Amino acid sequence: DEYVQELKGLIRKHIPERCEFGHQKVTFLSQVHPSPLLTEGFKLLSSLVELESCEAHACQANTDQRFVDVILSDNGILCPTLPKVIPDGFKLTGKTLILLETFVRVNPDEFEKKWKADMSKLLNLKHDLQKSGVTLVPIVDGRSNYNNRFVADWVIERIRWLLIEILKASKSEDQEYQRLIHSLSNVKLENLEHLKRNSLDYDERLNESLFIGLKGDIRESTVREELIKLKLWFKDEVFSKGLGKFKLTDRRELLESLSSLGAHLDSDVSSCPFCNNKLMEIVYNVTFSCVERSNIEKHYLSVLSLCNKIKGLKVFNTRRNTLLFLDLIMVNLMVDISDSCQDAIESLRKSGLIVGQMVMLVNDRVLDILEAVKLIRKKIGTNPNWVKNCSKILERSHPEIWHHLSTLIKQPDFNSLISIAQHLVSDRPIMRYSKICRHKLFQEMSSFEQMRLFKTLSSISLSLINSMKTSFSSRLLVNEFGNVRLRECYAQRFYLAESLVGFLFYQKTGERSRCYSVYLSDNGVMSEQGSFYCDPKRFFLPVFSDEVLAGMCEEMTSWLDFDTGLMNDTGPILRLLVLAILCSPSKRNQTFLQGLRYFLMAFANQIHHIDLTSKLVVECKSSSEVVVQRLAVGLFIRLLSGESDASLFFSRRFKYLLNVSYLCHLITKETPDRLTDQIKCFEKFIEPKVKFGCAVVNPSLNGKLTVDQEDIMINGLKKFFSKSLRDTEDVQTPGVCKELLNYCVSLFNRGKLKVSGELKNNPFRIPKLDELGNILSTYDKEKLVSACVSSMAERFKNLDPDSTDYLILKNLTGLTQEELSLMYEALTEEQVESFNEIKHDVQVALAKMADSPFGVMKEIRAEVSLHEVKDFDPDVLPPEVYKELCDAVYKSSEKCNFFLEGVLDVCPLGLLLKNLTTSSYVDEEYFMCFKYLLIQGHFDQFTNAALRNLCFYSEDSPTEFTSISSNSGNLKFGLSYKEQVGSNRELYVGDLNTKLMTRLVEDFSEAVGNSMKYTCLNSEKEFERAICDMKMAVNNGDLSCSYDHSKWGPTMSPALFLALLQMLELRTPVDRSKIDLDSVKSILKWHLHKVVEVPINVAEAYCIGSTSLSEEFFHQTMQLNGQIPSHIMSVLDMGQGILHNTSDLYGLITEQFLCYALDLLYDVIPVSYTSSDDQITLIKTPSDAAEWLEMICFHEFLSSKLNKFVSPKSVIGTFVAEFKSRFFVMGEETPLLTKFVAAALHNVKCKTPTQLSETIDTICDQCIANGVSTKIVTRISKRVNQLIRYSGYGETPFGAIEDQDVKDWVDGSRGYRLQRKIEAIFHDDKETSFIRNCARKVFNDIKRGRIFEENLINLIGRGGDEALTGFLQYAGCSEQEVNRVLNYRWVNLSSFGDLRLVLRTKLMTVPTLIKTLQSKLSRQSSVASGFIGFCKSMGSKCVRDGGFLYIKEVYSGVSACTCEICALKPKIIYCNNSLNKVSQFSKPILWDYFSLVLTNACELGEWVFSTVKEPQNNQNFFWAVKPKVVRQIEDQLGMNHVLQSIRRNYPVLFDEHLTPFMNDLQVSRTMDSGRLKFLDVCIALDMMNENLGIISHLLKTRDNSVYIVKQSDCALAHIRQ
Ligand SMILES: [Mn+2]
Ligand SMILES: [Zn+2]
């Protein structure tokens, strides 16, 4: 015995920490025998691991291995007959359990699967336990390795190695040996030959149902003869009988059909867009009311801001009293202002911020004066001490920094207040809930009122976006049919002119859709403008884009300048259409505009589908879509009412109408409703499966099928492969005929198609699935609650303040009332609700840890007795089954033992329930207190094969597999949706194991396709070839067929791919071995038997509960057969985006076969390009295009015989060819302006102003690449700059991209336009010229002569002033030049680091060049809410120094001192002595200009040193240009070169935070092309400055390489050389 004897001596270095350790060690050491040794060794290992894991959580180790019922019986708990469960550790305290089960899994797959299966089994116990007993916190402590705190982490690996050596040495079955071995390794792809592949007496039926007719060896002449006969039959039995699928256009017929479907004539709506739409009407009213027509105000705004700041601290632990106190302060200061200066209450208020009988208050609230004084009247007489102590409480244990010297303590003089109140009479708002047209005929206004309409729309949209900003946890003082007289309504203001302002009143807070009321105020007289209903988070696009849209509309109008008289009739209607789309955002408008695009495509060409017009019509609702549909259809009929092809100008009309049709990108894509979208997604997923008739209900999820399930699966598979070549009744049904597949495969095998199997490079080299997209899943919620409760329990070594909430905010958002407020204000409304639920759960758990009903007047008998027995616990008890009034009156129960007198904020344990109940009773929240009363009322009331799978045994590991499973699951999936503009797309999310298998098959298919040629899906070279071929074919005038295939996802089946792969051979490159595709076929079978989990929300909505087949199916399977369906397994799914490359390969093979057939039959030359969903076929025909209809119909028929049905959107013609949304016309390419403009105006994802500027720069570069304009990009630049400025960051010299740019986005990077912006700041370019000359001198000195080295780097990191003065003295200067250059300064807020700010992110969580390099080494949220989070987070203590402070505090330290050099660019550039008070936030702009110039010279040549010289065309002649850059930095610039110089210069930064996960340092250390020419200094500059980003541009591609521009802009460019 070599290792057996050593085993006893090796464990001698063990600490007998516990009694059980020694108790088992004495048994171990005194017992040596091969049969019992291994079992007790495993037991000891697992025991020590679990003991350490639990003792990390203050466990009470379960040594007797007893159930939970027995341990509840040991203490005093009634037995509710719970399921029998053995927990690893239990801890009873008070009336709560802490149950934890631990395990160890080396690989992530088993770790995740075990974690899910253990969390579910613990969670299934709490429903039964809480019904008649205690509530438990479940902990699951999983470890990925065996390390612990009891051993030195050196003995465990050695003992495991020797133990597995013993196991593999001596034995005593088949798979248990392999499972023991597999569970002890460390780390461990295809070639799974270790598997067993045991049959099940079922897969044979699969064999003769899938492979009964596949041979793949047919000869060629027989195929030719059969195809000839088939064509002869089709000519005279299907085509001449009118059963085709494609038809000629007949322009007049299409125009009549469009006019009949779009322009409603059966509708009662009038032809005035303003009258039908509410928002449109309000915009019109405000515009035409405005167009045709003092230090106290600053003091009031400042004190209002101070009041908001003091209210943000919530230092009163109550909501009513705080609001009353702030109201008292505001009214006291109002009477203090109005006591003197009698011309104030009517001058700077009626023209400022006040309305009829209402004053603005804290928290953006507007309150009536009479109600305010009435509420202040209360709390007096009963609490005379209410004021004084409050005045005394703001000085002690308070910030004690308040300017309320007299406005605070002052008792409000009610006589003067009531005098002010009676000075003006009631004109309260009305808030209209739930007719002669006088609208001045929009077509007949001047060119000035329209821009005013756009400006008004922008202002109102900004007001809505700001209405989103109100704090969610705010309640009104007094709460509230068709008309309601407002008294405590929220309001927002928007300015229009000197006197009149606009108010926007609303009553609710959050992101939901509301009803707003718009009022005006001219000179104190408050009028009514209107009331409407909208969702605020859908109005972000027009927030400032009042000039971008005007610019694009003017350009599109100018596009029609070939007829003076057509643009005059199409301009105003186009503007009205754009404005109507902006004011009426909905998905139906998007769908209609997409239908318009497809109609245009069909109209331009010559052949189109017979079932096209049925895909254009979208039903109209609310009469707000009828107006936009009428406008769009009228535009289309007014434009394309002429002939086709042969015309003086037709390409311009097509361009204009295509751009009009992409107006649907203006409307956002953000799911108007989430539950509705989930329901629609589930419907779209499940309708075809049940229509086909093969959808089974809940399987076993273990690889076991009953006789009925396998029978229905086999029947479905037979029906799939039961189509004949002759029948025409099945053209739209899924299924593939075996004969044509045999023909295609046999013809592919004998190298006859354009592709063949001569492949090289041989290919074989914890989210819960039933809710996806939910902000916080059940698993995360329970984990968080358990963690918080465990931390609380271990801290109590009771009493508990509210600071516990702070703890929760550590785990939701990643990072002391300031910290709590900053963390709280970063949560969205739904996240706030989830946080409140977690709060309640934790508080209830602790209250339980700490340890009357005959109040019947209208309930208890039927209300709460059935409400508690209703859905789960009262934590989800709806407030609608019980009325509000009865809730309030039932709460009138007196104070008793259930209550306690006093708020008692400190709250010692044992009174949590009573304390929260009393506190919530004091405030307005009554239903929460009712729930608390409910919960306090207790109204919720030696074999080695089976006895070894309990401790750490990885029983669920893959060892043997069958045809339907792998003994490790059934390849579970999930359902979700991905937003698009037209309609949402399916999305399948998979577990880890199924993700690995899909990745394996995906890699194999990707390799096989990469061998082939004609696919263009993940190979840009083939896409470029397709683009060039399309361009030349359209130029020549050949036939182009754009084929978009319908239902590609939910139709194809893994069985089709199984048959195709069974019939293929895929010959090896140089071996000709006929690769065996066994593993691929096994994985494809596993896909064939996959499981898709239905969303839990859809099940709940259909259970609780308009006709739909999905709903009737769900009810039919509800209890008629079994239980609620939760899993759906079927034949034809091919999860969308799961088998993408395999589908591409199949489509390529079938398309090549079809092209061969067309060449064989009609003697044409087809060439096809496929992208796995859409394809383009370019057909060159010998020897006017109406005799090719038969060929097109035959092609469609043959495609339908395979599983490749053609959608009606497909078009065949000769005018325009489409592929991947890139339309080509004879001569040029269509620009698609509006798509790019709408993209630029959208996706404003802001985290820092610099990053926002960079993203907008990239988007604008891509925009100007496709010939948009140079007058539109400036307006987007202004919009981004104004969005930055409005956020409070203040304007900065760098900021967003430059204003007033030129065509020179080409041959210029981000640095060049930064340099241009700085040069534009200085007018006479004197100091800029001097710095440029110094830069040229330094550049020449480093290029030749006195060649320098890394010594210069030592100067860069010192600072800004020192670096500039050192470089000036190196070039050569004196004190005068240095002291003159260092005069210009700009304020750098991020001087001592970065802005401290938290954004609206998702829950559960150094120079930037390091982060970019780290990113290179490796491998749902809306826009308005994100921007509001940005603006709100940049108003708190953000900038750091020394400590944090505001931005306005820093900017208030500057002095005006406008002497000579602070007026060339106000609020941007200052002089030195003007920044004496704030000097640490002051850096020279000339240093950044110097760095920009040097870096630009390093990158794109030396021509950036010269001086700019200004030079001494129908706006429609486009032409293409190339970049004209010259580089001097070894342009190839491969990888592993920057890191070499960084290691040379910054070893400490290379060692730490850089390359931990790096395994090829040998190449990067052996001077791999080290010591570059300029890279020594051209990398240090970016390390210090945060807005150059030259490294990120070094290792990238231009991404455009071409720019289409105008003759108008190239002649206005600036010459610099
Ligand atoms: Mn297409
Ligand atoms: Zn009207």
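Residues numbered from 1 in each chain as written, not as in the entry; some residues may be left out. Chains lettered and ligands numbered in written order. Heavy atoms only, no water. Residues with missing side-chain atoms left out of burial classes, pairs and counts.

The deposited coordinates derive from cryo-EM, with the record listing a resolution of 3.58 Å.

Before going further, it helps to spend a moment on the overall build of the protein. A tally of regular secondary structure across the protein gives 60 helices and 29 strands. Its C-alpha atoms give the protein principal-axis dimensions of about 105 × 100 × 85 Å. (Helix = DSSP H or I, 4+ residues; strand = E, 2+ residues; numbered from the N terminus.)

Now for the coordination of the manganese ion (ligand 1). Donor atoms from the polypeptide that coordinate the manganese ion (ligand 1) comprise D1044 (OD) and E1218 (OE), at 2.2 to 2.3 Å from the metal. Residue classification places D1044 among the buried positions, given a relative accessible area of 13%. (Donors = N, O, S within 2.8 Å, 3.2 Å for Na, K, Ca; no water. Buried < 20%, exposed > 50% of the residue type's maximum accessible area, 1.4 Å probe, protein only.)

Here we come to the sheet that holds strand β7 (residues 490-495). As summarised here, the arrangement of the four strands in space is β7-β8-β9-β10, forming an open sheet in which the pairing is antiparallel. Here the strands that pair on one side only, and so sit at the sheet edges, are β7 and β10 (526-534). Ignoring strand direction, the axes of neighbouring strands in this sheet form an average angle of 25°. The pairing of β7 with strand β8 (residues 501-506) spans six bridges and is classified as antiparallel. Paired with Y490 across the two strands is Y506, which belongs to β8. Where helix α12 (residues 278-290) meets the sheet, it contacts β9 (514-521) and β10, and its direction lies at approximately 155° from that of β10. Contacts between helix α18 (residues 449-467) and the sheet are confined to β7, β8, β9 and β10, with β7 contributing the most and set at about 145° to the helix. (Pairing = 2+ DSSP bridges. Axes fitted to C-alpha atoms, helices over the stretch in contact; angles between N-to-C directions. Contact = heavy atoms within 4.5 Å.)

So, on to the coordination of the zinc ion (ligand 2). Looking at the zinc ion (ligand 2), one finds its protein donor set to be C272 (SG), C275 (SG), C437 (SG), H439 (ND1) and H439 (NE2), positioned 2.1 to 2.4 Å from the metal centre. Taking relative accessible area as the criterion, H439 reaches 12% and is therefore assigned buried.

Right, let's get into the side chain of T998. Topologically, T998 is positioned in helix α35 (residues 992-1011). Overall, the relative accessible area of 10% leaves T998 in the buried class. Leave out the neighbours within four places in its chain, and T998 touches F973, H1087 and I1138.

Excluding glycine, a negative phi dihedral is what most residues carry, and trans is how most peptide bonds are arranged. Phi at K379 is positive, roughly 65°, even though this residue is not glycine. Within the secondary structure, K379 sits in the loop between α15 (369-377) and α16 (386-393). Taking the relative accessible area as the measure of exposure, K379 reaches 27% and is therefore partly exposed. Positive phi outside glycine occurs at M431, with the angle close to 55°. Structurally, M431 is set in the loop between α17 (414-423) and α18.

Two elements in contact, helix α1 (residues 3-10) and helix α6 (residues 155-169), have axes whose closest approach is 10 Å; the angle formed by their N-to-C orientations is 155°. Classified by the angle between their axes, α1 and α6 sit roughly antiparallel to one another. Between α1 and α6 lies a crossing of left-handed hand. Along the contact surface, α1 presents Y3, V4, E6, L7 and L10, while α6 presents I159, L162, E165 and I166. A class-by-class count of the residues in the contact of α1 with α6 yields seven nonpolar, no polar and two charged. (Parallel < 35°, antiparallel > 145°, perpendicular 65-115°, else oblique. Left-handed = near helix turned anticlockwise from the far one by under 90°. Nonpolar A, V, L, I, M, F, W, Y, C, P; charged D, E, K, R; others polar.)

Turning to the state of the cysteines, a few remarks are in order. In protein structure, a disulfide is the covalent linkage between the sulfur atoms of two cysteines. Taken as a whole and judged by the stated rule, the model has two disulfides. Note that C54 is cross-linked by a disulfide to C59, the S-S spacing being 2.0 Å. The same class applies to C54 as to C59, namely buried. In this model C1498 forms its disulfide with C1578; the gap between the sulfur atoms is 2.0 Å. (Disulfide = S-S within 2.5 Å.)

Let us now look at the UniProt feature "binding site: Zn(2+) 2" (unreviewed entry) in the protein. Mapped onto the present numbering, the UniProt feature "binding site: Zn(2+) 2" (unreviewed entry) falls at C1457, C1459, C1462 and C1471. The class for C1457 is partly exposed, based on a relative accessible area of 40%. Look past the residues within four positions of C1457 in its chain and what remains in contact with it is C1462 and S1474. Its place among the elements puts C1471 in the loop between α53 (1447-1451) and β27 (1483-1484). Here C1471 is in contact with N1383, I1461 and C1462, once residues within four sequence places are set aside. (UniProt positions renumbered as here; feature names shortened; annotations may be inferred.)

The next point concerns the environment of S1171. Mapped onto the fold, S1171 is located in the loop between β18 (1165-1170) and β19 (1174-1180). Along the backbone, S1171 and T1142 are 29 residues apart, and their C-alpha atoms lie at a distance of 12 Å. Those residues in contact with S1171, other than ones at most four positions away along the chain, are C1016, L1017, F1219 and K1220. Looking at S1171, its side chain comes within polar contact range of the side chain of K1220, at 3.0 Å. (Polar contact = N/O pair within 3.5 Å; in protein donor to acceptor, adjacent residues only side chain to side chain.)

Glancing now at the pattern of salt bridges. Throughout the structure, instances matching the rule amount to 47 salt bridges. A salt bridge links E1093 to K972; the shortest N-O distance between them is 2.3 Å. Linking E1093 in strand β16 (residues 1091-1093) with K972 in strand β12 (residues 972-973), this pair joins segments that are 121 residues apart in sequence. Both residues of the pair, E1093 and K972, count as buried. Salt-bridge contacts for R999 lead to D1003; the nearest nitrogen and oxygen are separated by 3.7 Å. A residue pair is termed a helical-turn pair when its members lie 3 or 4 positions apart in one helix, as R999 and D1003 do in helix α35 at four residues. Here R999 falls in the partly exposed class, since its relative accessible area comes to 40%. (Salt bridge = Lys/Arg side-chain N within 4 Å of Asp/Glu carboxyl O.)

Here the UniProt-annotated "binding site: Mg(2+)" (unreviewed entry) positions come out as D1174. The residues contacting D1174, other than those within four sequence positions of it, are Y1043, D1044, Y1169 and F1219.

Domain boundaries in the protein define domain 1 (3-182), domain 2 (251-273 + 547-667 + 1223-1240), domain 3 (278-538), domain 4 (674-767 + 974-1209), domain 5 (778-851 + 882-936) and domain 6 (1287-1397 + 1434-1529 + 1573-1610). Just the C-alpha atoms count here: the centres of domain 2 and domain 4 sit 33 Å apart. With 16 residues of domain 2 in contact, the opposing surface of domain 4 contributes 16 residues. Around 1500 Å² of area is buried between domain 2 and domain 4 when both sides are counted, 65% of it from carbon and sulfur atoms. Its largest share of buried area at the contact with domain 4, domain 2 owes to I607, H609 and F1224, together 37% of the area lost on that side. For the pair domain 2 and domain 4, the number of links is zero salt bridges. Applying the counting criterion to the domain 2 and domain 4 interface returns one residue pair in polar contact. (Domains from an automatic or database assignment. Buried area = accessible area lost by both parts, 1.4 Å probe.)

This next bit is on the sheet that holds strand β15 (residues 1039-1044). Pairing is antiparallel across the open sheet formed by six strands, whose spatial order is β4-β11-β20-β15-β19-β18. The open sheet has two free edges, formed respectively by β4 (246-248) and β18, since each of these has just one partner strand. Put simply, the sheet's adjacent strands are angled 20° from each other on average, direction ignored. For β4 and strand β11 (residues 607-609), the ladder comprises three bridges, and the chain directions are antiparallel. Counterpart to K247 in the pairing with β11 is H608. Where helix α41 (residues 1140-1162) meets the sheet, it contacts β18 and β19, and its direction lies at approximately 170° from that of β18.

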